[PDB]
Amino acid sequence: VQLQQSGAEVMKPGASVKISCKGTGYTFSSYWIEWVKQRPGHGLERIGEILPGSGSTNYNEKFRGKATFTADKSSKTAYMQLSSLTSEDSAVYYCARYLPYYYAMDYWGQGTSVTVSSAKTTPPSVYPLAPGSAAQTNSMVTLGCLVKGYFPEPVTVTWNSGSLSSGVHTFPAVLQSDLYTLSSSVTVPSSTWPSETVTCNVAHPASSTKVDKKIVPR
Amino acid sequence: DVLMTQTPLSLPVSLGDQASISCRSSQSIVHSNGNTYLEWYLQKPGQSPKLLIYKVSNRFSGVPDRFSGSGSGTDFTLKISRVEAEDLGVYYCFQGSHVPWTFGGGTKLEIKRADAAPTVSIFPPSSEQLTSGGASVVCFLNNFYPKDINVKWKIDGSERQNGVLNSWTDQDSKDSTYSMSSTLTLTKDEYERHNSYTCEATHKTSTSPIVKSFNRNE
Ligand SMILES: *[C@@H]1O[C@H](CO)[C@@H](O[C@@H]2O[C@H](CO)[C@@H](O[C@@H]3O[C@H](CO)[C@@H](O)[C@H](O)[C@@H]3O)[C@H](O)[C@H]2NC(C)=O)[C@H](O)[C@H]1NC(C)=O
């Protein structure tokens, strides 16, 4: 069996988004479809369930009125309609099969990420950084590559064809006020940095933007 | 909605050790047919959850036998005999006895090992940042363990907190360490006026807080 979910979505606050979960390889009308929310912070929250064969639906107290479940029997698809949105609703939404009191929820959808933000698509603005002048130089030294003022996710940061991959730490993107950023620091031998060329690559599939800014000593 | 409380919030255990996770219910979740419908799910990072145990006495197919379950009317626990690298993730308890059905809080699982001291670094802004009209002050704390980390932004003898970004990285695999990258966005008018910036951090390995600073005036 297989549960296929719709693609990623971006919506402005106050709008409504409808996402779908399509099931195949089993009797679609005879299984409940469970909708689960996972905010980036933590936790799995169950929104509710719908039985496509009938129109029966259940909602958790928190999401009553927020979500509306509908199902199409002709096409093995079920939908969840999210009402007026906010920044809080940004999360990854999952669909899963379920038959209460018997074999339970062994197949899940891949997940569908929903992002609520007033921002528009922005290209990455990578500003490579180098060690400060007022700092001692030793054998072990870190490197720096900063990407900021970009939207939406994801943006992949990697060195020149993986010139030096191990020893890097790409930190999760965060919003300063409205746009995402990213920090990636790696370590290289002091005797090799001024000799070997090391640079960070930036890719933005949504914006089709590729950047390559080498870092040189201050 | 039946509230399910899961403890501990985190569980560090070295490889091969016994792991115990407990899930408690706000009400009795027994069912008339002699079964109690409690299920345990594992969600490794970047993936949809998976089914491990249902009807705790029972166990799903295709799962290692080291997992086991037990409990009674309102208290249940899950046990992992021998821990392995693939067993890292977040474990949730799910009750399927009273409508609506609710997930557990979640019990993240880590692996404990010989802790390591932090390696701090500071990167002042770059030429591009200066030209743009800003100043990106980033202090990097790579390969440190455990989470007992607190970073204070002290500058020229004054502690600044506004504009302080907090974003760490999940536990690694090769090093099983943690990394911290906190950033302080500064403007040209404000960046130059300060003379000295310090990156202040504390950790359990070294009771005396560590210090790292540089002077703009050079
Ligand atoms: C609805 O009523 C039916 C009929 O009584 C119930 O079916 C019975 O369910 C029990 C509990 O699962 C079965 O006993 C179990 O059998 C398994 C497999 O043999 C065994 O490993 C367990 O230790 C336990 O003995 C029983 O076989 C089954 N009877 C029949 C005829 O299928 C059903 O549970 C009821 N469902 C609900 C929601 O009330």
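What counts as what
- Within each chain the numbering goes from 1 in written sequence order, not necessarily matching the entry, and residues lacking coordinates are not shown.
- Going through the entries in the order they are written, you letter the chains from A and number the ligands from 1.
- Working note: chains shown belong to a larger assembly, and all values are for the shown part only.
- No hydrogens and no water enter the side-chain calculation; it runs on all heavy atoms of the structure.
- In what follows, residue pairs with any heavy atoms lying within 4.5 Å of each other are defined as contacts.
- Note: buried area is the sum, over both parts, of the accessible area (probe 1.4 Å) each one loses when the two are combined.
- Salt bridge, as used here, is a side-chain nitrogen of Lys or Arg placed within 4 Å of a carboxyl oxygen of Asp or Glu.
- Think of a polar contact as two N or O atoms within 3.5 Å of one another; within protein, one of them needs to be a possible hydrogen donor and the other a possible acceptor, and neighboring residues in sequence only count if both atoms come from side chains.
- By definition, any uninterrupted DSSP run of H or I lasting at least four residues is a helix, any uninterrupted run of E lasting at least two residues is a strand, and each is numbered from the N terminus.
- Each residue is assigned to one class: nonpolar for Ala, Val, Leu, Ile, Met, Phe, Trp, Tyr, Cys and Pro, charged for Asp, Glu, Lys and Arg, and polar for all the others, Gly among them.
- Two strands pair under a simple rule: DSSP has to find at least two bridges between them.
- Each domain's extent was defined by an automatic or database domain assignment.
- Stacked, edge-to-face and tilted are the three classes for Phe, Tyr and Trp ring pairs, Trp counted by its six-membered ring, which pair at centre distances within 6.5 Å; planes under 30 degrees apart are stacked, over 60 edge-to-face, the rest tilted.
- Using a 1.4 Å probe on the protein chains alone, a residue whose accessible area is under 20% of its type maximum counts as buried, one over 50% counts as exposed, and one in between counts as partly exposed.
- Cation placement over rings: the criterion is NZ of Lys or CZ of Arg within 6 Å of the ring centroid and within 35° of the ring normal.

Going by the PDB entry, chain B carries the name IgG1 Kappa Light Chain and comes from Mus musculus. The PDB lists this entry under the title "The 2alpha3beta stoichiometry of full-length human alpha4beta2 nicotinic acetylcholine receptor in complex with acetylcholine".

Per the PDB entry, chain A goes by the name IgG1 Heavy Chain and belongs to Mus musculus.

Q: For this particular structure, what's the right way to read the interface of chain A and chain B?
A: How big an interface is tends to be expressed through the accessible area that disappears when the partners come together. Contact with chain A, which involves 43 residues of that partner, is made by 51 residues of chain B. Summing both sides of the interface, chain A and chain B together bury roughly 4,000 Å²; the carbon and sulfur share of this comes to 60%. Applying the counting criterion to the chain A and chain B interface returns zero salt bridges. Linking chain A with chain B are 13 residue pairs in polar contact, by the criterion used here. Of all the secondary structure elements, the ones that give two or more residues to the side of chain A that touches chain B are β4 (32-38), β5 (45-50), β6 (57-59), β9 (91-98), β15 (168-170) and β16 (180-189) of chain A. Taken together, the residues of the side of chain A that touches chain B break down into 22 nonpolar, 15 polar and six charged.

Q: I tried to follow the sheet that holds strand β17 (residues 210-215) of chain B on my own but got confused; where do I start?
A: Remark on secondary structure: sheet strands pair via backbone hydrogen bonds, oriented parallel or antiparallel. The antiparallel open sheet is built from four strands, whose spatial order is β13-β12-β16-β17 (chain B). In this open sheet, the two edge strands, each paired with only one partner strand, are β13 (158-159) and β17 of chain B.

Q: Which parts of the structure should I look at to understand the sheet that holds strand β14 (residues 168-169) of chain B?
A: Residues and elements named next belong to chain B. Read from one edge of the open sheet, four strands run β10-β11-β15-β14, paired in antiparallel fashion. Taken across any chain shown, the strands that pair with only one partner, and hence form the sheet edges, are β10 (119-123) and β14. Across nine bridges, the pairing between strand β11 (residues 134-144) and strand β15 (residues 178-187) is antiparallel. Bridge assignment links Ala135 to a residue of β15, and that residue is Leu186.

Q: For this particular structure, what's the right way to read the domain arrangement of chain B?
A: Residue and element names in this part refer to chain B. Segmenting chain B into domains produces domain 1 (1-113) and domain 2 (115-214). For domain 1 versus domain 2, the separation of C-alpha centres amounts to 37 Å. With four residues of domain 1 at the interface, the matching set in domain 2 holds eight residues. A per-residue breakdown of the area domain 1 buries against domain 2 is headed by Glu110, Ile111 and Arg113, which together make up 83% of the total. At the boundary of domain 1 and domain 2, one finds zero salt bridges. For the pair domain 1 and domain 2, the number of links is two residue pairs in polar contact. Taken together, the residues of the side of domain 1 that touches domain 2 break down into one nonpolar, no polar and three charged.

Q: Is there a simple way to think about the domain arrangement of chain A in this case?
A: Residues and elements named next belong to chain A. Here chain A is partitioned into domain 1 (1-118) and domain 2 (119-217). Computed from C-alpha atoms alone, the centre-to-centre distance between domain 1 and domain 2 is 36 Å. Contact residues are listed per partner, giving five residues for domain 1 and five residues for domain 2. Across the interface of domain 1 and domain 2, roughly 350 Å² is buried in total on both sides, 54% from carbon and sulfur atoms. In this assembly, domain 1 and domain 2 are joined by zero salt bridges. In this assembly, domain 1 and domain 2 are joined by one residue pair in polar contact. Looking at the side of domain 1 that touches domain 2, its residues break down into one nonpolar, three polar and one charged.

Q: Can you help me understand the side chain of B:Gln43 in this one?
A: Within the fold, B:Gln43 resides in strand β4 (residues 38-43). At a separation of 3.1 Å, a polar atom in the side chain of B:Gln43 contacts the main-chain carbonyl oxygen of B:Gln47. Discounting chain neighbours no more than four positions away, the residues touching B:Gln43 are A:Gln38, A:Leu44, A:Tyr94, B:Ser48, B:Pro49, B:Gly89, B:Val90 and B:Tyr92.

Q: Where do I start with the packing of aromatic side chains in this structure?
A: Aromatic ring pairs are described here by two measures, namely the spacing of the ring centres and the angle between the planes. A full pass over the atoms with the stated rule returns 22 aromatic pairs over all chains. With a centroid separation of 4.7 Å and an interplanar angle of 5 degrees, the aromatic rings of A:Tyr59 and A:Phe69 are classed as stacked. Here A:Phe69 lies in strand β7 (residues 67-72) and A:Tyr59 lies in strand β6, a separation of 10 residues in the sequence. As far as burial versus exposure is concerned, A:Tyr59 and A:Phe69 are alike and both buried. When the ring of B:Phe123 is compared with that of B:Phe140, the centres are 6.3 Å apart and the planes differ by 85 degrees; the resulting orientation is edge-to-face. Here the residue B:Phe123 occupies a position in strand β10, and B:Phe140 occupies one in strand β11, the gap between them amounting to 17 residues. B:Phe140 shares its class with B:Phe123; the two are buried. Pairwise contacts between aromatic rings join A:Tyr94, A:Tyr98, A:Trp108, B:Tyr41, B:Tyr92, B:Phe94, B:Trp101 and B:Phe103 into one cluster. We note A:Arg97 situated over the ring of A:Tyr26; from NZ or CZ to the ring centre the distance is 4.9 Å.

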